[PDB]
Each structure stands twice: as C-alpha cells, then as structure tokens.
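>
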Amino acid sequence: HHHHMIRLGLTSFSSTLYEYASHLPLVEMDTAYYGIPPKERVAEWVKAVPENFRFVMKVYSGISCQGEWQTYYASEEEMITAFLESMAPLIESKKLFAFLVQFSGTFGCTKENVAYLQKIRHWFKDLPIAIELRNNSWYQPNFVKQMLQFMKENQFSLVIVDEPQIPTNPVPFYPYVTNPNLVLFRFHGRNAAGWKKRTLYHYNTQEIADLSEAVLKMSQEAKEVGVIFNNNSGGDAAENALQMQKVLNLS
Ligand SMILES: [Zn+2]
Ligand SMILES: [Zn+2]
Ligand SMILES: [Zn+2]
Ligand SMILES: [Zn+2]
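Quick note: to get the numbering used here, add 105 to the position in the sequence shown (first position is 1).
See below:
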C-alpha cells in the first residue's frame, strides 16, 4: 500500500549512534558543523546504522556563512571539495535524508545572498538540500511567494520551523512543501532566552498535538517527512519525539 513516510529524530543521540539506530529512523548530526570529519569516520557512521536509517547532515559552519572558514580553507571551492569528499560514503550510501544548511538571523532577503543560495545549489549538484532561515524578511507578505517559488525552482526543501518568537524578528511556523520529495521540520522549542544550549523547552501535550496536525498535513503533500526535535535537553527532545510517535501511532 502506497505509504507516505514520516521519520522522527533528534540531534542529541549524544549512549551511541549504534544504539540510537535501535529506536529511531532518523538523526540529525551537527558534528560536521564545527569541523569537517575525515571520510572514514563518516564511513563508520554509515556502517553502524540499519539499511534504511536516514541522516540529516548539518553542513560546515563556513558553508552557511557562519564559520571562520578562512582559517582552515584557502577558498570557497577548496572548502566545498573537502566537505563533499568527506561526505562521499554517506552520499553513495543512499542513507542521506538531506544536507541541512541553516543560516543566521543576520542572513536575510538580499540580492547578494539570494545569489549565494544559487551558489549553494551549484555546489551541491543534484544532492538533497534542506535550507533553514532565521530571518523573517524572507517571510514578509510581499517577498514570500517568490521566496517559496525560488525554493521550488531550486528543489530546495525549505525547513518548516517551530522556534522562539523574537518580537523584532518573528520567524513563523510556515507549513508549506517546496520540494514534494522531502519536507523537513525542526522544532527548536519556544524559549526565547538567547535566541543557548543551556536554554530549556519541553513541549506539552497540546503543543505536540498542534505540531502533529501540521506534520500530518504535510505528509499528505510530500513523499517523505523528516521531523527533528532540537529543543533542549536530549531527554526533553526524546520524550517529545516519543509522544509524537504515539500521537501518529508510528511503526
Ligand atoms: Zn536507548
Ligand atoms: Zn562550480
Ligand atoms: Zn511531556
Ligand atoms: Zn504518494
């Protein structure tokens, strides 16, 4: 029977990846955001999980305009090659859900870095890219529809986000499919403080209920749905994810 897919995952597999892959079908690994790992480490990660476990791989900080990447890489090209060279065993493995390119609050709707998003697309050939933004100008009434169209045109999977509402930068929860082949949700929790690893939010029964409605509404319109609980304390994220899984009675 033609089933559309919803996978639930965390960032804080933190015990082990091997044991994590016993309960969950999806993980987000942030490890490479801080430094590009050697190819053979990625190779072992691949070997350590079941045949159809998926990885959301967060790209190197330099790729999303955050890293001090000049310290380690001579040019943007050398940096992309190092990342894609180390990510080879995952890319060739078919266990890649998406590369997450997650931008800062300062990365907003400008001609300059729209043209940077095009550079991202080129650098990543035909690879699945989940784009995340922290700036509401991308979402402003005026520029919002071309924005979604730009994501569609480039097959970018625009990350649907639940996150703290900063008055001066209110990034909304905008459930819309830009790439019908994969939608990624990321729930950051709703605690505004420092919007930070020491900032806690445990989603309640009503919130898990609201977010589940939206997740289902999206799986109606996408082949594969990825849900990452990235709210603080892995214990909180894991509790919330286990709640959702019950609410959607998943496998
Ligand atoms: Zn366990
Ligand atoms: Zn090129
Ligand atoms: Zn609870
Ligand atoms: Zn279908």
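Don't be surprised by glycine CBs; every beta carbon is placed ideally from N, CA and C.
Give the DSSP-derived three-state secondary structure of residue 184 in the structure shown.
On the sequence shown, residue 184 is found 79 positions in, with the first residue counted as 1. Residue 184: helix per DSSP, three-state reduction.
> Suppose you measure from the CA of residue 177 to the CA of residue 184; what does that come to, to the nearest Å?
Counting from one through the sequence shown, the residue named residue 177 turns up at place 72. Counting from one through the sequence shown, the residue named residue 184 turns up at place 79. One C-alpha to the other measures close to 8 Å.
> Return the CA-CA distance between residue 324 and residue 129, expressed in angstroms with no decimal places.
If you number the sequence shown from 1, residue 324 lands on position 219. If you number the sequence shown from 1, residue 129 lands on position 24. Going by the C-alpha atoms only, they are around 18 Å apart.
> In three-state terms, what does DSSP make of residue 322?
Position 217 of the sequence shown, counted from the first residue, corresponds to residue 322. Looking at residue 322 - three-state DSSP - the assignment turns out to be helix.
> Report the CB separation of residue 355 from residue 111 in whole angstroms; it is logged as a contact under 8 Å.
Here residue 355 corresponds to residue number 250 of the sequence shown, with the count starting at 1. Here residue 111 corresponds to residue number 6 of the sequence shown, with the count starting at 1. Contact holds; Cβ gap of about 6 Å.
> Is it the case that the CB of residue 108 approaches a heavy atom of ligand 2 more closely than 7 Å?
Counting from 1 along the sequence shown, the entry for residue 108 is found at position 3. Flag unset: Cβ of residue 108 not near ligand 2.
> Are the beta-carbon atoms belonging to residue 113 and residue 346 less than 8 Å from one another?
Walking along the sequence shown from the start, residue 113 turns up at place 8. Walking along the sequence shown from the start, residue 346 turns up at place 241. Yes, the pair counts as a contact, with Cβ atoms nearer than the cut-off.
> From the DSSP output, read off the bridge partner residues of residue 263.
Looking up residue 263 in the sequence shown gives position 158. Residue 263 pairs with 236.
> With DSSP collapsed to three states, give me the class of residue 163.
Within the sequence shown, the letter at position 58 stands for residue 163. Correct three-state label for residue 163: strand.
> Counting only C-beta atoms, is residue 223 closer than 8 Å to chain C at any point?
Among the protein chains of the structure shown there is no chain C, as only one such chain exists.
> Suppose the cutoff is 8 Å on Cβ atoms and the five residues either side in sequence are ignored; what does the same chain contact list for residue 320 look like?
In the sequence shown, residue 320 corresponds to position 215, counting from 1. Contacts found: 111, 290, 330, 332, 349, 353.
> Should residue 159 go down as buried or exposed, given a rule of 16 or more other Cβ atoms within 10 Å for buried?
Residue mapping note: residue 159 aligns to position 54 of the sequence shown, counting from 1. By the neighbour-count rule (16 or more Cβ atoms within 10 Å), residue 159 is buried.
> Taking DSSP as the reference, what is the three-state secondary structure of residue 340?
Here residue 340 refers to the residue found at position 235 of the sequence shown. It is helical.
> Considering only their Cβ atoms, is the gap separating residue 287 from residue 327 smaller than 8 Å?
The count along the sequence shown starts at 1 and reaches residue 327 at position 222. The count along the sequence shown starts at 1 and reaches residue 287 at position 182. Closer than 8 Å, so yes.
> Here's a check: name, in chain order, each residue in its chain whose Cβ is nearer than 6 Å to the Cβ of residue 335, leaving out the five neighbours to either side.
As a working note, residue 335 is residue 230 in the sequence shown. If we look at residue 335 and ignore the five residues flanking it on each side, its Cβ neighbours are 116, 291, 293.
> What does a CB cutoff of less than 6 Å around residue 237 pick up in its chain, not counting 5 residues either side in sequence?
On the sequence shown, position 132 is the one that residue 237 refers to. The residues are 207, 264.
> Assign residue 239 to buried or exposed, taking buried as 16 or more other Cβ atoms, counted over all protein chains shown, within 10 Å of its Cβ.
Residue mapping note: residue 239 aligns to position 134 of the sequence shown, counting from 1. Result: buried.
> Alpha carbon to alpha carbon, how far is residue 255 from residue 182? Give it in angstroms, no decimals.
Counting from 1 along the sequence shown, the entry for residue 182 is found at position 77. Counting from 1 along the sequence shown, the entry for residue 255 is found at position 150. Using only the alpha carbons, I get a separation of about 24 Å.
> Could you check whether the region 206-220 touches the region 164-175, counting it as contact only if at least three pairs of C-beta atoms, one from each stretch, sit closer than 8 Å?
In short, these stretches touch, since the Cβ pair count reaches three.
> Would you tell me roughly how many angstroms separate the C-alpha atoms of residue 270 and residue 253, rounded to the nearest one?
In the sequence shown, residue 270 corresponds to position 165, counting from 1. In the sequence shown, residue 253 corresponds to position 148, counting from 1. If I take the Cα positions, the gap works out to 21 Å.
> So what does DSSP say about residue 309, is it helix, strand or coil?
Here the question's residue 309 lines up with position 204 in the sequence shown. In this structure, residue 309 counts as coil in the three-state DSSP scheme.
> Out of 215, 257, 174, which has the shortest C-alpha to C-alpha gap to residue 243?
For this step, residue 243 is matched to residue 138 along the sequence shown. Comparing Cα-Cα distances from residue 243 to each of 215, 257, 174, the minimum goes to 215.
> DSSP three-state call for residue 151: helix, strand or coil?
Your numbering for residue 151 matches position 46 in the sequence shown. Residue state, collapsed to three classes: helix.
> Under 8 Å between the Cβ atoms of residue 132 and residue 195?
Here residue 132 is taken as the residue at index 27 of the sequence shown, counted from 1. Here residue 195 is taken as the residue at index 90 of the sequence shown, counted from 1. Taking 8 Å as the Cβ cut-off, residue 132 and residue 195 do not qualify as a contacting pair.
> In terms of residues, what are the limits of the beta strand (DSSP E) holding residue 206?
Taking the sequence shown and counting its residues from 1, one reaches residue 206 at position 101. Residue 206 -> beta strand (DSSP E) spans 201-207.
> Determine the DSSP secondary structure at residue 352, reduced to helix, strand or coil.
Translated into positions along the sequence shown, residue 352 becomes position 247. Correct three-state label for residue 352: helix.
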